[PDB]
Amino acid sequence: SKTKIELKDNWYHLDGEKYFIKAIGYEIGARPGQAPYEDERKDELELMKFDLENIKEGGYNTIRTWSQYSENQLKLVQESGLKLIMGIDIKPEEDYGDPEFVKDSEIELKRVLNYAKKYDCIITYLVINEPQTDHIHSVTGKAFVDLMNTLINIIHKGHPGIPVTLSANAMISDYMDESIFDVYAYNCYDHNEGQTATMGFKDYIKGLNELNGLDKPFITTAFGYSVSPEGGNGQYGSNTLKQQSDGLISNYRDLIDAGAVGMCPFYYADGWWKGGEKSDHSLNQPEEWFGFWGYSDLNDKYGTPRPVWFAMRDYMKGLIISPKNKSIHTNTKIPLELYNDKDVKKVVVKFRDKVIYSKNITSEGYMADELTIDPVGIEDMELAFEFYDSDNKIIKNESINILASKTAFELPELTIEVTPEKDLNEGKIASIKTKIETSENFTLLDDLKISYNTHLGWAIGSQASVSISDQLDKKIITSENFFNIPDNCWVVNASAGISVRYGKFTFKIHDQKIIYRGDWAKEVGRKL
């Protein structure tokens, strides 16, 4: 009598009902003094009970993991009521083409499935975490793609009806074909650099979903901020607790706006192990301070929640999927899509302090309806949503900003032409020629940003800020920027973008090219 999972209209459905995955990343075996990949493996059931209870009280309906649970650990999750997105420990730096590696991975996965298939709390498998561009280049995309297929197929037979995808960072694996998987997924971070500086976070991830083809559900397997005392660069590491909390909420809205119907904020609690020494909480390792919970000292096995925990719990009470923030509408009818928890009994939408939508909610979960708006010409509109509880008291406010008209209209447009256009082998030097078709009434703000992300490990590559002050009054605004191509660049994401404003509506216009060195990515690269 197990949960039927159906993927359609780019949503997960459980037992016929659309189901927004409100997950959180969760790693057991990562208390101070512990390292989950090196220590003798323990079930840690007492600490899991504490954690699973905390996570239910934090508002989540799902956990997301990196490493397979034992049967004992799975049964506890099963009995908790939470859903599980279970990662499999398939070492990313290993040779995917090595028959011993393949066989060990297959034997291990089959061992897991043999009991895991009894536990219907599992709603997705993640078959690998974070394969690096250069490594794939080195062992070949075919080795990679063949391994993914092998494991996908073993899961489809061993635990039927459960979707399979992977954990892949959007900043380094933008180029990758994800069409072999059942759902599209990225780890998504907003550090306002490279792709996220040009396109902005919303538009970057949405672009990838469009390139993917808008034909499967899309989820995020990670996002968030580190509150390390120091270390990192820009917004990576070294955030305040307030920055962390405000950042998760900005991320949550943005990624919904990119089409996500499942969310795995990163993550439950700090892992001191992650910067190298598990017994020490290093002041300058961003990676050891990503938790929504932190530990006081080496002996603290429990920890306490940081402000982000409470902001997230509050934010998740009522989710707005449509309309989307920074969306453009040319109809008077706007799709409304909500995912309410059981405490939301009424939703109101206001424009300029006037009710345009009111509805008593009698059942939790997904609901669709339509908003009627009445824009004059091209009208920027802050849509003020209000969620109320059973006592008619507001428990959440959220704005959705739209740009609306009853009639089709012109936006300013940014396109790029990139050289080499199609094959990096054709020269040692690149160019990005940007062209902005302006539109009066739309103000271009600040600097044009250019990114030539050559994908060398985590490094962003060259960027450039170009002033367009001297050109603001022209219909067509141009720029040409040059970049040296590293010999070990196998793929590049070349992009450009600028901020635009219409009344109080601010957004970005941008364009993007993904360009490969040779035919190395015939198998692994996205086919359009």
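So that there is no doubt, residue numbering starts at 1 and follows the sequence shown.
Taking only the CA atoms, which stretch has the higher mean B-factor in the record, 59-67 or 41-49?
-> The stretch with the larger average C-alpha B-factor is 41-49.
Would you tell me which stretch averages the higher CA B-factor in the PDB entry, 215-223 or 407-415?
-> According to the PDB entry, the answer is 407-415.
From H455, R313, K202, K428, pick the one with the largest CA B-factor in the entry?
-> Among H455, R313, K202, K428, the PDB entry lists the largest C-alpha B-factor for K428.
Would you mind ranking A496 by its C-alpha B-factor against the rest of the chain and naming the third, lowest, middle or highest?
-> For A496, whose C-alpha B-factor we compare with every modelled residue in the chain, the answer is the lowest third.
For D104, does the deposited CA B-factor place it in the lowest, middle or highest third of the chain?
-> Its C-alpha B-factor belongs to the highest third of this chain's values.
So where's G318 on the chain's Cα temperature factor ranking, which third?
-> It belongs to the lowest third of the chain when residues are ordered by C-alpha B-factor.
Chain-relative CA temperature factor third for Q285 | It falls in the bottom third of the chain.
What third of its chain, lowest, middle or highest, does the C-alpha temperature factor of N209 fall into?
-> Tercile = middle for this residue's CA B-factor.
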